[PDB]
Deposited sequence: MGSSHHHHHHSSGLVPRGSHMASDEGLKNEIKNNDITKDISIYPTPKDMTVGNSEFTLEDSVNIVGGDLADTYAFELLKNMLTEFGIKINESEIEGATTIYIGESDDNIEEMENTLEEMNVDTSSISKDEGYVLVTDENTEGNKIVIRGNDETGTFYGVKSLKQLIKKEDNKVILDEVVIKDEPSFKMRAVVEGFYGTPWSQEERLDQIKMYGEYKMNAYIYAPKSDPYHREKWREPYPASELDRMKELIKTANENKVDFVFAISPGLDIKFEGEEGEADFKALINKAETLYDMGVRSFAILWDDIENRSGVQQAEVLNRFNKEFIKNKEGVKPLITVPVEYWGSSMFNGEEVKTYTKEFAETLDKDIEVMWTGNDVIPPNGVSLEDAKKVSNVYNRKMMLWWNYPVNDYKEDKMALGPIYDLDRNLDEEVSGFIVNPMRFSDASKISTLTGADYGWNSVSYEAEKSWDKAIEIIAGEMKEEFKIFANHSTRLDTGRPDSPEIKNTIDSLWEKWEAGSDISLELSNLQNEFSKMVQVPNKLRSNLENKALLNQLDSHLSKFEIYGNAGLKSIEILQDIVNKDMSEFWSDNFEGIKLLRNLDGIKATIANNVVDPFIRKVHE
């Protein structure tokens, strides 16, 4: 099956395939990057000068040979970043609605090519995003991503059509403690590389400022602090920053009016007059739904903040809670969008694990309303400080952000695991299955849990539990085997290193689970001698588990083994 990720809005596969000659000839004028992409891919074919055909164009080009050729398929792709992609048996058309659309068209093409002959299936794809902003924020506490990780992350975003990176590292003082101060000389090449890499990838580099700890609003100092703010933003503009955010999350000041005013002035006196600068982004003091309401009434801060703030300023919130245990429903978002008189942006606190750092979140974006896009214009993933380990969840986030209507968590998770773990995808999922739930997320190993819950009812009733024991034994044997196989074969070694303690603990859980079954079986067999021995071995395995810091399988398997003892 043809597989494009994120899942395209509209895709129809054709009957035939075709192959490519060693010469191509591309007709198109076109986005530098979309075009340089097309090239690097062909050369991974050559460009002929005369008469197989590949027409790559944006709508702003109104290119003749392209628009003419594309008569067979009709265009109601209107949204920004939308594109159409056609292949037929031999022409291939890459028509965006814009420079980004054309880039994404090529990204989808790059996933169509099967390489030996080099074939390219025939399809019509009509495609565009559910959310206009699909971002990752560096918003965890703990050790920041390194330069290599950041660059690596940015490239992944462009690959999967995420269009923004919010640079908000808690430990970088020039975003916060020293917000007034421009970036030193030493830092400039570091930042430009980020910005340039983001630009080449159609990823908005968003610079976040958190002035809230000491900013002044009142009088002479207010005017100074405001000038400081304008200046800093000018610096960043000079580096190439075209997207900005001012954050009030997690500070002292509770003046909604003054904060909104600072934002409106900045929006007025900086944003709208600077060329290519995108809408300002903010986050309130009351950034979770429940913080915004006292019963049915809107709280003072939110009332003043929302009433004062210009409607074209984007506002992030986290859902009903800081970490919503059961995702975010359309009605949750409606309640907040009604107060703010605008589509909200969802800052989604998963896979971030900074509040539970010994457990990795390796599951799909889960329990977010399929039709959130009705009230929400932005989807923002807050990842773990562990970059490679964050990728699986983040990619499901890319899929949801791009195509929320057709997003299915489990099927999406399968594809992300395949992207990240390759040939080891089955072994990886067996592991990741036990590591999805933190304060939010898909519940861990749900079938195993049902098996156990069902087992205990039968056990208390003295009914035969052979099928369940058999089922559990299969699971536990896989748990025993997958760590060595992953340690041996997982190609992503940063990922392997991040997970190594978890994998070792997982192997011991497998063994402890196998022993727990034996203990249960001993009781059924009324074999007092065998029971004593197994019980003793089981206590030792429990001790081995308790000695390892890493948290995995802690909601389902762990209580099972402890209940048996």
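Colleague: Enumerate the deposited-sequence segments absent from the coordinates, judged by C-alpha atoms, in order of position.
Modeller: Residues lacking C-alpha coordinates: 1-38, 67-68, 85-86, 94-100, 139-142, 169-170, 621.
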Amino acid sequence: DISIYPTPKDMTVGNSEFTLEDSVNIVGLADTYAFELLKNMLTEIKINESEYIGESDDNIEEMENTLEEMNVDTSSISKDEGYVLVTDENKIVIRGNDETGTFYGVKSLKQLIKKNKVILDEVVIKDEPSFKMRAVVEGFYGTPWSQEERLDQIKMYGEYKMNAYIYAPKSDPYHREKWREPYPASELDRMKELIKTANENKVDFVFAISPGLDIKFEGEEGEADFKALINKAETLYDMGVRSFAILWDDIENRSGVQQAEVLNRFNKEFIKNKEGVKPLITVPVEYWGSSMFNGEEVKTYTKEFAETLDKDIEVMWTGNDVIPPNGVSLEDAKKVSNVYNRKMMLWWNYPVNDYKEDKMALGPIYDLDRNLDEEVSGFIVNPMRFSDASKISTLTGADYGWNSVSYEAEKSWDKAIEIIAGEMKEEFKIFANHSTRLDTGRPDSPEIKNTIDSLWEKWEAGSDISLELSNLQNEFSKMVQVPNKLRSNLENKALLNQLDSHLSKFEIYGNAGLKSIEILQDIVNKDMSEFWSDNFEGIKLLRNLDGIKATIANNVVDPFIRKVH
From here on, numbers count along this sequence of modelled residues.
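Colleague: Taking the mean of the C-alpha B-factors per stretch from the entry, tell me the winner out of 254-262 and 281-289.
Modeller: According to the PDB entry, the answer is 254-262.
Colleague: Taking the recorded C-alpha temperature factors, which stretch has the higher mean, 99-107 or 165-173?
Modeller: It is 99-107.
Colleague: Checking the record values for 408, 89, 491, 475, which has the greatest CA B factor?
Modeller: Comparing C-alpha B-factors across 408, 89, 491, 475, the top value belongs to 89.
Colleague: Check the PDB entry and point out which of 496, 27, 519, 539 has the largest C-alpha temperature factor.
Modeller: Answer, based on the entry's C-alpha B-factors: 27.
Colleague: When the modelled residues of the chain are sorted by Cα temperature factor, does residue 386 land in the lowest, middle or highest third?
Modeller: Lowest third.
Colleague: Hey, what third does residue 271 fall into on Cα B-factor, ranked over its chain?
Modeller: Within its chain, residue 271 is a middle-third residue by C-alpha B-factor, going by the deposited values.
Colleague: Relative to the other modelled residues in the chain, which third contains the C-alpha temperature factor of residue 553: lowest, middle or highest?
Modeller: Lowest third.
Colleague: Lowest, middle or highest third: which one holds residue 397 when the chain's residues are ordered by CA B-factor from the entry?
Modeller: Within its chain, residue 397 is a lowest-third residue by C-alpha B-factor, going by the deposited values.
Colleague: How does the C-alpha B factor of residue 484 compare with the rest of the chain: lowest, middle or highest third?
Modeller: It belongs to the lowest third of the chain when residues are ordered by C-alpha B-factor.
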